[PDB]
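Shown below, as structure tokens, is a lone chain in the form deposited in one PDB entry; questions about how it binds or moves come after it.
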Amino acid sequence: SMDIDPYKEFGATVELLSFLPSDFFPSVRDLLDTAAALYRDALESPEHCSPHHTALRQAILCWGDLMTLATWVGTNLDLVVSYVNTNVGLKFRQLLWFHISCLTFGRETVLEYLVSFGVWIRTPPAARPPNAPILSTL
């Protein structure tokens, strides 16, 4: 009945993030470790902090639930715990990455970088500079 874009309120879209190839995204394991190492005080906080903070909280907690289900399938039975890493994995990797990068580097900067990298990675190797464009706050 409804069609909601997790990214739309943050000035992007599901299509735009599917621009970046699936192998550009860190692991889930590494993305949660990074949110923890950088933002645990703020994520666990009893303040909104920012809309990015709100969204990321739910994303982390949701990944929890999806994994609790996958674990519960394993302790009540292989191809199921495989499906998550294939399809939902990319989804949360995109979403965790977007929000962490938006808090670290700045939303506006992460949006430029999204197109920057997608254009470059799509340029064939022999014609493109040897290194990607760089994501930074300075």
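Note that the rigid core is defined as the largest set of C-alphas that superpose within 1.5 Å between two forms. Start at 1 and count along the sequence shown; that's the residue number.
Below, we refer to the form deposited in another entry, which is not included among the displayed structures.
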Legend entry - Core-aligned C-alpha movement of residue 114 between this form and the one not shown, 2 Å or more: no
Q. Taking the rigid core as the reference frame, is the Cα of residue 22 displaced by 2 Å or more between this form and the one not shown?
A. no
Exercise. Align both forms on the core first, then report whether residue 123 has a C-alpha shift of 2 Å or more between this form and the one not shown.
Key: yes
